[PDB]
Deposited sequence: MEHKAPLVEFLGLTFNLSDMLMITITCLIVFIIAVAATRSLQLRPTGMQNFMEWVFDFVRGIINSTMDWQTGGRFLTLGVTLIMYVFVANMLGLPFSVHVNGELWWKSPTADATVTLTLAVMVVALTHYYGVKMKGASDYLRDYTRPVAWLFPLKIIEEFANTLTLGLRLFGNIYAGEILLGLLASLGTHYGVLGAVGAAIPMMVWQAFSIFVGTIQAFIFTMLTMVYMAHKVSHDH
């Protein structure tokens, strides 16, 4: 399970998982936003429910006039992190090489650069103790999502090997239901703490 990199500069498998999660998020977004309907049904009501959910979170943290801009960053951020956490659970394939296609959030560099991208955005829209608190909250957000996905990934993998090598269906079943629970809770706390620091720096 080594870091398989075709190029010396960057991990190849992480780029593959970022591309596949971007395409699956984009196609579920355009499948939920096919046509305009004033009476919501099907999946457009689901997309509007996620949209008003993100909006509600923004309304909890800040005034609606200040935080109205962030709604379309926040909904793609929660859906992106949501699908990025749930991709690691079904397949997690092992090839004759090092490793291929685990999940993007299990990579530490992916989650830490997504967290520092979040904080770069909330510095863009917006004394040593304040800046060390800033670097502290960046790295604890990135390490939060990275750890709480990567431990479950390793455990699921361990369970998979224990089952295949030699009766053990329900422990990994209970853990895998708990892991999609961890995925949706981590996506929600990630976008909510994103909007908290956005509200803290805007107003």
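Trainee: Which segments of the deposited sequence lack C-alpha coordinates in the modelled structure, numbering from residue 1?
Mentor: No C-alpha for residues 1-5, 132-151, 192-197, 235-237.
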